[PDB]
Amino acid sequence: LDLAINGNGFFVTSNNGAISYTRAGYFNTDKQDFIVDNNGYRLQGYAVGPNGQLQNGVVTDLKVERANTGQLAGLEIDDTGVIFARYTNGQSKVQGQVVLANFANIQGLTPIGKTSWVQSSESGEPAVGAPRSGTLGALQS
């Protein structure tokens, strides 16, 4: 998955819980079927709950189910970040929803790499939500 944002906001990735923020990413699934960036850090969002519905109460790792029988054939993410898995038994199932974070003062963000930042005393706290909700931008591919 090659993801970009148009508008405000940052993708949220978790390194064993260390959270960083980025503008665009190449995302894959790892050996435990987590959606990860090119460092292996886990893309964060609303996961599907135990009842198969999106849990907007918790921002967590995004898992993609290998099977539904039917096994995974494709993975797509719409402009509001909803992740659709396509399976060989003719089914599709939502796997989660990518979130974006925005900041009251993104200038105050602490750079941790060429294209990644972390929260700071100067940036304010992350305000997290679905792409195209509130002031947050839209997801491309």
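Start at 1 with the first residue shown and count on from there.
Between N68 and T69, what class does the number of missing deposited residues fall in: none, 1 to 3, 4 to 9, or 10 or more?
4 to 9 residues lack coordinates between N68 and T69.
For the C-alpha atoms alone, is the average B factor greater in 8-16 or in 128-136, going by the entry?
That would be 128-136.
In the PDB record, does 40-48 or 86-94 carry the higher mean Cα temperature factor?
Between 40-48 and 86-94, it is 86-94.
Options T115, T110, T60, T80 - largest CA temperature factor per the record:
Among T115, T110, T60, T80, the PDB entry lists the largest C-alpha B-factor for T115.
Of the choices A104, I35, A101, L54, which one's C-alpha carries the largest B-factor in the record?
Highest C-alpha B-factor among the listed residues goes to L54.
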